[PDB]
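Read the single chain below, which is given as structure tokens and is the form deposited in one PDB entry.
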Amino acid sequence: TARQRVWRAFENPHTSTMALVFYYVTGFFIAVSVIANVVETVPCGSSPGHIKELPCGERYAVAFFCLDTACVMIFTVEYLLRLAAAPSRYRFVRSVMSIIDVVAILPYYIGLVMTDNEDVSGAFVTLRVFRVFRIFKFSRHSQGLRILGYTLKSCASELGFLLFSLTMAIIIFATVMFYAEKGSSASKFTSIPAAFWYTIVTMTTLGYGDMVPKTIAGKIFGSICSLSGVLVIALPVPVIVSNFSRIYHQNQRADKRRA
């Protein structure tokens, strides 16, 4: 019963005070690691003996490294204990949660085994972009009433269909806008993939304004794209609202049929 006790402590933290406090402690380290990751890019001032101000992640290299290694030791101990007290270890590993945990904790170890190649370029940048995966664990720790998740998986069909229609519309409008605008002077529409950016920014009603049409045909088709973008942003709202209300009432019905 010891292994089942540790497991029921893990996926049901509220049962035991010690389980609850371990839950809150690992949540706190996830939060501090996320905040440290965000902070270690902020350029600290006073530029001590440097041509340009160094970010807090290079000026205080050892401090942020010690904080990172404390967080990663906590995460690794968590994952090892979960792998121990898992009833079906293979099924536990196959869960997307363990995948996220391992791909979040790996960057630290992979950087530690490449300290000799400290002058590496490009690869470590992606490696430590994957250090943003700890926010996923943090979102998991707030596993409140996920009516929104149920609504999203209820609407998944129409959302994927809208994504496919949006892809077709993006390709069509990008072709049209590129051919209308390839001939302008210093034109930003240098290719159809280049016009993909303008199209996706227009159909979402961003309009950054870096790429704008400069020709009458380009402006006509940009207007058509704008209207289709109005439709794009507007359509999901009523159906998401309806599905949310439906699942909400369904959950109260389930609660009452449990009483």
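The term rigid core refers to the most C-alpha atoms you can superpose between the two forms while keeping them within 1.5 Å. Heads up: residue numbers just count along the shown sequence, starting at 1.
As for the form deposited in another entry, it is not shown, yet the points below apply to it.
query: Looking at 75, 178, 133, 150, which has a Cα shift of 2 angstroms or more between the shown form and the other one when the rigid core is held fixed?
result: After core superposition, the single residue displaced by 2 Å or more is 150.
- prompt: After a core superposition, would you say residue 23 shifts its C-alpha by at least 2 Å between the shown form and the other one?
  reply: No.
query: Is it true that residue 46 shifts between the shown form and the other one by 2 Å or more at the Cα, once the core is aligned?
result: It does shift by 2 Å or more.
query: Rigid core fitted, is the C-alpha displacement of residue 250 between the shown form and the other one 2 Å or more?
result: Where the cores coincide, residue 250 still shows a C-alpha shift between the shown form and the other one that is 2 Å or more.
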